[PDB]
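Structure file coords.pdb; described as PDB, C-alpha atoms.
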```
ATOM      1  CA  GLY A   1      -0.690 -19.030   2.360  1.00  0.00           C
ATOM      2  CA  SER A   2       2.883 -19.677   1.268  1.00  0.00           C
ATOM      3  CA  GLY A   3       2.048 -17.663  -1.837  1.00  0.00           C
ATOM      4  CA  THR A   4       3.481 -14.284  -0.768  1.00  0.00           C
ATOM      5  CA  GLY A   5       2.734 -12.257  -3.909  1.00  0.00           C
ATOM      6  CA  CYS A   6       0.871  -9.096  -2.967  1.00  0.00           C
ATOM      7  CA  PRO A   7      -0.116  -9.388   0.728  1.00  0.00           C
ATOM      8  CA  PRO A   8      -2.835  -7.158   2.238  1.00  0.00           C
ATOM      9  CA  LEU A   9      -0.014  -5.087   3.859  1.00  0.00           C
ATOM     10  CA  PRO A  10       0.063  -5.826   7.658  1.00  0.00           C
ATOM     11  CA  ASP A  11      -0.461  -3.361  10.486  1.00  0.00           C
ATOM     12  CA  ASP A  12       2.742  -2.641  12.437  1.00  0.00           C
ATOM     13  CA  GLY A  13       1.442  -0.262  15.057  1.00  0.00           C
ATOM     14  CA  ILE A  14       3.076   2.731  13.417  1.00  0.00           C
ATOM     15  CA  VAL A  15       1.350   2.751  10.165  1.00  0.00           C
ATOM     16  CA  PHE A  16      -1.247   0.798   8.273  1.00  0.00           C
ATOM     17  CA  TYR A  17      -1.989   0.543   4.595  1.00  0.00           C
ATOM     18  CA  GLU A  18      -5.048   0.447   2.595  1.00  0.00           C
ATOM     19  CA  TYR A  19      -5.749  -1.211  -0.704  1.00  0.00           C
ATOM     20  CA  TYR A  20      -7.025   0.821  -3.634  1.00  0.00           C
ATOM     21  CA  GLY A  21      -7.774  -0.087  -7.235  1.00  0.00           C
ATOM     22  CA  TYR A  22      -5.302   1.850  -9.306  1.00  0.00           C
ATOM     23  CA  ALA A  23      -7.133   2.775 -12.518  1.00  0.00           C
ATOM     24  CA  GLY A  24      -4.805   4.519 -14.989  1.00  0.00           C
ATOM     25  CA  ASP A  25      -4.693   7.460 -12.557  1.00  0.00           C
ATOM     26  CA  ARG A  26      -2.875   8.273  -9.490  1.00  0.00           C
ATOM     27  CA  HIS A  27      -4.246   8.987  -6.109  1.00  0.00           C
ATOM     28  CA  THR A  28      -7.627   7.758  -7.373  1.00  0.00           C
ATOM     29  CA  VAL A  29      -9.682   5.694  -4.981  1.00  0.00           C
ATOM     30  CA  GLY A  30     -10.805   2.639  -6.909  1.00  0.00           C
ATOM     31  CA  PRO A  31     -12.653  -0.493  -5.768  1.00  0.00           C
ATOM     32  CA  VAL A  32     -11.301  -2.092  -2.611  1.00  0.00           C
ATOM     33  CA  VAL A  33      -9.743  -5.533  -3.005  1.00  0.00           C
ATOM     34  CA  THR A  34     -10.289  -8.513  -0.719  1.00  0.00           C
ATOM     35  CA  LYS A  35      -8.232 -11.421   0.746  1.00  0.00           C
ATOM     36  CA  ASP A  36      -5.134 -11.559   2.950  1.00  0.00           C
ATOM     37  CA  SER A  37      -1.608 -13.010   2.972  1.00  0.00           C
ATOM     38  CA  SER A  38      -3.220 -16.431   2.986  1.00  0.00           C
ATOM     39  CA  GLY A  39      -4.838 -15.357  -0.286  1.00  0.00           C
ATOM     40  CA  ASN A  40      -1.907 -13.778  -2.176  1.00  0.00           C
ATOM     41  CA  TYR A  41      -3.960 -11.790  -4.665  1.00  0.00           C
ATOM     42  CA  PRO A  42      -1.739  -9.819  -7.124  1.00  0.00           C
ATOM     43  CA  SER A  43      -2.931  -6.330  -7.965  1.00  0.00           C
ATOM     44  CA  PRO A  44      -1.528  -3.232  -9.237  1.00  0.00           C
ATOM     45  CA  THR A  45      -2.362  -1.764  -5.931  1.00  0.00           C
ATOM     46  CA  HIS A  46      -1.639   1.494  -4.223  1.00  0.00           C
ATOM     47  CA  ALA A  47      -1.004   1.651  -0.489  1.00  0.00           C
ATOM     48  CA  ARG A  48      -1.784   4.713   1.596  1.00  0.00           C
ATOM     49  CA  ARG A  49       0.047   5.157   4.818  1.00  0.00           C
ATOM     50  CA  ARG A  50      -0.865   7.030   7.841  1.00  0.00           C
ATOM     51  CA  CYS A  51       1.019   7.325  11.033  1.00  0.00           C
ATOM     52  CA  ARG A  52      -1.002   5.997  13.936  1.00  0.00           C
ATOM     53  CA  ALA A  53       0.566   8.677  16.126  1.00  0.00           C
ATOM     54  CA  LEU A  54      -0.994  11.189  13.723  1.00  0.00           C
ATOM     55  CA  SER A  55      -4.689  11.916  13.205  1.00  0.00           C
ATOM     56  CA  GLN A  56      -6.263  10.556  10.024  1.00  0.00           C
ATOM     57  CA  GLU A  57      -7.298  14.087   9.028  1.00  0.00           C
ATOM     58  CA  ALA A  58      -3.749  15.374   9.513  1.00  0.00           C
ATOM     59  CA  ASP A  59      -2.453  13.055   6.782  1.00  0.00           C
ATOM     60  CA  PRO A  60      -3.913  13.405   3.246  1.00  0.00           C
ATOM     61  CA  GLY A  61      -2.673   9.907   2.608  1.00  0.00           C
ATOM     62  CA  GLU A  62       0.627   9.557   0.805  1.00  0.00           C
ATOM     63  CA  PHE A  63       1.612   6.539  -1.164  1.00  0.00           C
ATOM     64  CA  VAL A  64       4.811   4.833  -0.019  1.00  0.00           C
ATOM     65  CA  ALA A  65       4.644   1.641  -2.070  1.00  0.00           C
ATOM     66  CA  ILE A  66       2.982   0.130  -5.116  1.00  0.00           C
ATOM     67  CA  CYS A  67       2.185  -3.416  -6.138  1.00  0.00           C
ATOM     68  CA  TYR A  68       2.566  -4.909  -9.574  1.00  0.00           C
ATOM     69  CA  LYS A  69       1.921  -8.379 -10.944  1.00  0.00           C
ATOM     70  CA  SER A  70       4.944  -9.637 -12.895  1.00  0.00           C
ATOM     71  CA  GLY A  71       4.151 -11.135 -16.295  1.00  0.00           C
ATOM     72  CA  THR A  72       7.385 -13.159 -16.225  1.00  0.00           C
ATOM     73  CA  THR A  73       7.193 -14.824 -12.804  1.00  0.00           C
ATOM     74  CA  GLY A  74       3.484 -14.215 -12.288  1.00  0.00           C
ATOM     75  CA  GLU A  75       4.217 -13.077  -8.746  1.00  0.00           C
ATOM     76  CA  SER A  76       3.392  -9.749  -7.253  1.00  0.00           C
ATOM     77  CA  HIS A  77       5.460  -7.589  -4.907  1.00  0.00           C
ATOM     78  CA  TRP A  78       5.556  -4.174  -3.226  1.00  0.00           C
ATOM     79  CA  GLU A  79       7.935  -1.517  -4.562  1.00  0.00           C
ATOM     80  CA  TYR A  80       9.632   0.853  -2.112  1.00  0.00           C
ATOM     81  CA  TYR A  81       9.916   4.443  -3.333  1.00  0.00           C
ATOM     82  CA  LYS A  82      13.052   6.457  -2.694  1.00  0.00           C
ATOM     83  CA  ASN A  83      13.123   9.929  -1.133  1.00  0.00           C
ATOM     84  CA  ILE A  84      10.365   9.096   1.358  1.00  0.00           C
ATOM     85  CA  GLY A  85       9.467  11.415   4.237  1.00  0.00           C
ATOM     86  CA  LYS A  86       9.082  10.844   7.973  1.00  0.00           C
ATOM     87  CA  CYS A  87       6.270  11.569  10.439  1.00  0.00           C
ATOM     88  CA  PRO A  88       6.662  12.420  14.179  1.00  0.00           C
ATOM     89  CA  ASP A  89       6.953   9.492  16.583  1.00  0.00           C
ATOM     90  CA  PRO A  90       4.859  10.999  19.477  1.00  0.00           C
TER
END
```
Mind turning the file's structure into structure tokens?
Amino acid sequence: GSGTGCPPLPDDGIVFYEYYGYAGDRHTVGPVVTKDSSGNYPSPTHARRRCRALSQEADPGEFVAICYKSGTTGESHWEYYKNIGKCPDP
């Protein structure tokens, strides 16, 4: 890849992320995007995180980071939000 940009968001065994098409409205499930880190596709994408230790139905999916393609550099990156919460380890 060597393009970084907006990666598919890897699985780390604690959480996972999903890619949604942000369309002028939050929390809205848009069309799913394709390609991986060896693709580097920039999208104003919303990631939903769930804790593997927690059941999918327990979490209503909360967004912890957003992606945005930069008009100046042309690259895309994930933005970490402040005041984030924590889920139980076990």
So that I can check the surroundings of region 56-65 of chain A, please list as an MDAnalysis selection string every protein, DNA and RNA residue that reaches within 12 Å of it, counting all atoms listed in the file and ignoring chain neighbours fewer than 4 positions away.
chainID A and resid 6 9 15:20 22 26:29 44:52 77:88
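With CA of residue 7 (chain A) on one side and CA of residue 55 (chain A) on the other, the separation reads 25.1 Å.
Residues in contact with residue 42 (chain A) at up to 12 Å, not including ones fewer than 5 positions away on its chain and judged by all atoms listed in the file, are residues 3, 4, 5, 6, 7, 8, 19, 21, 33, 34, 35, 36, 37, 66, 67, 68, 69, 70, 71, 73, 74, 75, 76, 77 and 78 of chain A.
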Edge lengths and centre in Å to one decimal, as AutoDock Vina command-line options, of the axis-aligned box that encloses all listed atoms of region 17-27 of chain A with 6 Å added on every side?
```
--center_x -4.9 --center_y 3.9 --center_z -5.2 --size_x 17.8 --size_y 22.2 --size_z 31.6
```
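For the pair CA of residue 41 (chain A) and CA of residue 11 (chain A), the interatomic distance is 17.7 Å.
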